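Here's the structure, in structure tokens; my notes come after.
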Amino acid sequence: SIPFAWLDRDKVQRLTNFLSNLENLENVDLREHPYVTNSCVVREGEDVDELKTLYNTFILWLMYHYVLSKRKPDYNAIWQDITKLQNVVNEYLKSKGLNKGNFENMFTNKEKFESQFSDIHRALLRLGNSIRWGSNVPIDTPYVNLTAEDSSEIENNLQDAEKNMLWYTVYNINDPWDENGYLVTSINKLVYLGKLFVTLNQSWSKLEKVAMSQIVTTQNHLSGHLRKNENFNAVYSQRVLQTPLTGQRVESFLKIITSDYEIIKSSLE
Amino acid sequence: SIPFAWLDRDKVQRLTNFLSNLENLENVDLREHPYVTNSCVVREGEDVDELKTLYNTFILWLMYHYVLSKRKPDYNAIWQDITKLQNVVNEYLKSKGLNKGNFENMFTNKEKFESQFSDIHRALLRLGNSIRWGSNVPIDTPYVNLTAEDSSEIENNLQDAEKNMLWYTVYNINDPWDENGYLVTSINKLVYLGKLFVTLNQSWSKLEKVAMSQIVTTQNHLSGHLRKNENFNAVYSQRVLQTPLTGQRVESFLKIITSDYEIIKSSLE
Amino acid sequence: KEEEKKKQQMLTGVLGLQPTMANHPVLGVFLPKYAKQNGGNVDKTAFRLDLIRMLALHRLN
Amino acid sequence: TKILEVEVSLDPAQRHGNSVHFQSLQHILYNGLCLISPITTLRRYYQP
Numbered sequence: 007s008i009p010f011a012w013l014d015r016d017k018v019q020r021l022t023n024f025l026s027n028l029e030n031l032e033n034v035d036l037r038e039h040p041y042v043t044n045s046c047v048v049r050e051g052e053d054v055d056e057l058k059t060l061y062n063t064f065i066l067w068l069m070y071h072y073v074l075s076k077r078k079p080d081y082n083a084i085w086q087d088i089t090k091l092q093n094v095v096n097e098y099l100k101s102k103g104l105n106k107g108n109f110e111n112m113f114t115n116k117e118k119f120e121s122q123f124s125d126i127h128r129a130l131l132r133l134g135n136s137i138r139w140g141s142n143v144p145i146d147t148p149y150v151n152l153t154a155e156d157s158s159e160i161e162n163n164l165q166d167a168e169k170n171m172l173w174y175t176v177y178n179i180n181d182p183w184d185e186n187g188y189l190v191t192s193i194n195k196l197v198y199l200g201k202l203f204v205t206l207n208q209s210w211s212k213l214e215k216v217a218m219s220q221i222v223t224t225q226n227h228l229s230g231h232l233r234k235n236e237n238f239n240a241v242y243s244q245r246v247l248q249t250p251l252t253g254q255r256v257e258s259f260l261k262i263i264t265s266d267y268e269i270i271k272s273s274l275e
Numbered sequence: 007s008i009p010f011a012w013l014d015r016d017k018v019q020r021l022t023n024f025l026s027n028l029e030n031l032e033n034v035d036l037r038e039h040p041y042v043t044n045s046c047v048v049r050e051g052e053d054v055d056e057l058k059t060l061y062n063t064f065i066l067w068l069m070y071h072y073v074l075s076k077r078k079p080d081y082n083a084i085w086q087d088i089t090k091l092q093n094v095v096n097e098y099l100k101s102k103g104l105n106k107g108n109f110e111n112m113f114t115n116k117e118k119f120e121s122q123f124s125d126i127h128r129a130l131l132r133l134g135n136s137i138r139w140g141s142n143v144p145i146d147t148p149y150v151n152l153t154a155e156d157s158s159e160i161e162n163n164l165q166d167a168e169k170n171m172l173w174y175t176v177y178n179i180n181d182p183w184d185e186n187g188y189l190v191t192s193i194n195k196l197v198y199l200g201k202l203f204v205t206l207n208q209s210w211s212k213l214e215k216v217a218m219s220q221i222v223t224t225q226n227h228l229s230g231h232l233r234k235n236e237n238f239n240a241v242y243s244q245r246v247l248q249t250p251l252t253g254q255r256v257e258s259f260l261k262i263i264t265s266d267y268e269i270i271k272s273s274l275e
Numbered sequence: 023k024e025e026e027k028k029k030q031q032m033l034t035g036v037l038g039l040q041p042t043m044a045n046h047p048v049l050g051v052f053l054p055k056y057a058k059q060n061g062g063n064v065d066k067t068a069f070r071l072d073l074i075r076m077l078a079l080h081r082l083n
Numbered sequence: 866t867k868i869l870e871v872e873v874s875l876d877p878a879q880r881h882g883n884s885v886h887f888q889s890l891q892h893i894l895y896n897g898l899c900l901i902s903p904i905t906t907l908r909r910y911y912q913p
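Protein chains in written order, with PDB author numbering: chain p, 7 to 275; chain n, 7 to 275; chain Q, 23 to 83; chain H, 866 to 913.
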């Protein structure tokens, strides 16, 4: 029943509500919240803290990584819309308008190249400016739309994606008079969805790498402090808590420490 | 934050519910269903709500037109499919296909009125062609000629498009059953998609002209009530509520009346 | 209290207006709105011109 | 007062003959004014 070492019921309710509403609050990042780590602290001051806050943070970083890997939204729907706009429109208009069918999208081929996106967005800037105007003066708009009333809203949406990659929204387009007739989808929505997709994946890899590095650090500190005790259940707790972890293994390790919770609580002084 | 008049806490929720889930209910005509416009009343007879319901319905029509212009999807996709069928299949049959007509008549009958066609006689010419390919001579049911198993469903689909042009689906020309082959399926798809396109655009322009007529109607009443008093907050509310509005002005004007909400609320007596 | 200091600082930044003019209605209504701005990089001149045109709108005999 | 460039291609009957990339250049004085006599007092505030 999400067992925590030595805490108040208020602080246990804080941590349980935090992990239940992790997807809902903005700025999903454990380093941004001081009150969570300061509510993870144990009573009776630094003598208790120096051995038990290490294990308490060691529970909290693991459960953070666990609900992180559990509550991941599927990012393939938005890449499916990218391939829809891409494959349906941007290839077929090049074939119709005889632009020799340049295959930069077929150069990506995949959502494995989080790189090689920005050059394709610059080529899409050149395409959008070409189809809106025959001057082809290469210009420096951030978005091909030339619409500046919603560029600020799109940047707000991308910063909201950076803060909460667990819960995101996608910003559609207007129609009073369109610059690109149907191509505002491929030209503008393709740039926006591409930046959105690569930004969500970079934020995801960032948080997951930070969570794993902090878990390895808490393992090193916690085993360094429990190295001293030579009792039988003490070295049993050493063998439980010394096990090296990769992100794939953390779910089984949480299932380990749920069962071994009763004896390592006794093994702690 | 979602500005409304001297108005209660239940009707705010009902208005925001309707304006949020505007896309899912059928028959989106705010004129036609009176459950909302009669609901946005201040109450207490006539004296304590005439100018206030005037302002509140001004906000209601304005944000209805706002969420219309923000939420209408792109119809140029269905016109892109019209251009694909019309260009690729039928022209290649009429010229490369053989024994059909001549260059100037057919190719320009398809090519003419790319932008803004409401033409029924061109449609009738293609229906006469496909009817000549088919079984019978008269032009009774021409859209999916030689079969009436889908006629009620497709008329229902067009009526549902007239009701909710914001959420539209394209039914389909079925594959295994057909009077003739690829040609007659292309023609039936072409005529249905043309009727769908002109239906969506005419219903949209109808609703947009309705909303603009109602907003420009309520401005004159609001100005005639607010003209008399000579206070500075009074005349500033007069000028803010006498700014001229167009459909591409309404978004910025909603953002202006958001910040100016705190002064005109006190300016109302 | 900090908000009053912001209002007064913006009042001295606009023109160095005297409190006697701060009591004026056009000022009394707009100083709070000029408080929720000018913390940004916007300008000092824009506020002077805004006060000019608003004071002008106010005085239409 | 702002200067504005105008890039425009011609009418299509003149766009035809290897003139597709032509791009007329028109400078249009936005929000300025014509001037006909040398301004003396307000020389600080007026650019020719």
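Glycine residues also receive a C-beta, built at the ideal position from the N, C-alpha and C atoms.
Residue i in three-state terms, based on DSSP
i, result
"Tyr895(H)", "strand"
"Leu77(Q)", "helix"
"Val873(H)", "strand"
"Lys90(p)", "helix"
"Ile868(H)", "strand"
"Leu890(H)", "strand"
"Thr252(n)", "coil"
"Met43(Q)", "helix"
"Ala154(p)", "coil"
"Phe238(p)", "helix"
"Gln912(H)", "coil"
"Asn207(n)", "helix"
"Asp35(p)", "coil"
"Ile904(H)", "coil"
"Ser136(n)", "helix"
"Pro40(p)", "helix"
"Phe52(Q)", "helix"
"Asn23(p)", "helix"
"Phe10(n)", "coil"
"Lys28(Q)", "helix"
"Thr147(n)", "coil"
"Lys271(n)", "helix"
"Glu29(n)", "coil"
Neighbourhood of residue i by C-beta, 6 angstroms cutoff - its chain only, sequence neighbours within 5 removed
i, result
"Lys27(Q)", "none"
"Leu77(Q)", "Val48"
"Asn33(p)", "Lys169"
"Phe64(p)", "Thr224, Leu228"
"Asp266(n)", "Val246"
Contacting residues, own chain, Cβ-Cβ under 8 angstroms from residue i (five flanking each side not counted)
i, result
"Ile179(n)", "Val150, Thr191, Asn194, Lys195, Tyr198"
"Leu60(n)", "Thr224, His227, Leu228, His231"
"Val871(H)", "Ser889, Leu890, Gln891, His892, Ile893"
"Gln248(p)", "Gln225, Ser229"
"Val48(n)", "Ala11, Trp12, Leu13, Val54, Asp55, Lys58, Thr59, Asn62"
"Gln208(p)", "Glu120"
"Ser101(p)", "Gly107"
Cβ neighbours of residue i in the same chain (closer than 7 angstroms, five flanking residues each side left out)
i, result
"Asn115(n)", "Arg128, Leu131"
"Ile8(p)", "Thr22"
"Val216(n)", "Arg37"
Cβ-heavy atom distance, residue i to the ligand MG, below 7 angstroms
i, result
"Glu161(n)", "Only the bare structure without any ligand can be found here, which leaves the ligand MG out of the picture."
Integer-rounded CB distance, given that residue j should sit under 8 angstroms from residue i
i, j, result
"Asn96(p)", "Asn82(p)", "Not quite, the Cβ-Cβ distance comes to about 20 angstroms (not below 8 angstroms), so this is no contact."
"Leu74(n)", "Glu168(n)", "Not quite, the Cβ-Cβ distance comes to about 15 angstroms (not below 8 angstroms), so this is no contact."
"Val256(n)", "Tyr72(n)", "6 angstroms"
"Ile904(H)", "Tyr911(H)", "5 angstroms"
"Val204(n)", "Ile84(n)", "In fact, because the Cβ distance is near 10 angstroms, the residues do not count as touching under 8 angstroms."
Beta carbon proximity, residue i to chain A, threshold 8 angstroms
i, result
"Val64(Q)", "In the structure shown, chain A does not exist; the protein chains are p, n, Q and H."
Against chain H: residues of the stretch 139-153 of chain p by CB proximity under 9 angstroms: Answer in chain order: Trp139, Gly140, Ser141, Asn142, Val143.
Contacting positions in the stretch 62-91 of chain n - beta carbon closer than 7 angstroms to chain p: Listed in sequence order: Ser75, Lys76, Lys78, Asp80, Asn82, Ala83, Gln86.
field: alpha helix (DSSP H) runs wholly inside the stretch 48-132 of chain n, at least 4 long, in chain order
entry: Here the runs fully enclosed are 56-77, 82-91, 97-100, 109-117.
query: For the stretch 190-223 of chain p, which residues have a CB atom closer than 9 angstroms to at least one CB atom of chain n, in sequence order?
result: Against chain n - using a Cβ distance shorter than 9 angstroms - the residues of the stretch 190-223 of chain p are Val190, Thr191.
- request: Note down, in chain order, all residues in the stretch 882-893 of chain H with a beta-carbon under 8 angstroms from any beta-carbon belonging to chain p.
  value: Cβ contacts with chain p: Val885, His886, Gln888.
- request: Give, in chain order, every residue of the stretch 236-266 of chain n whose Cβ lies closer than 9 angstroms to some Cβ of chain p.
  value: Close to chain p, meaning a Cβ-Cβ distance shorter than 9 angstroms, are the following residues of the stretch 236-266 of chain n: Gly253, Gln254, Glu257, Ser258.
- request: Could you pull out every unbroken alpha helix (DSSP H) segment of at least 4 residues lying fully inside the stretch 155-233 of chain p, listed in chain order?
  value: Here the runs fully enclosed are 157-169, 196-232.
Near-chain n residues of the stretch 33-47 of chain Q - C-beta to any C-beta below 9 angstroms: Residues of the stretch 33-47 of chain Q with a C-beta less than 9 angstroms from any C-beta of chain n: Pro47, listed in chain order.
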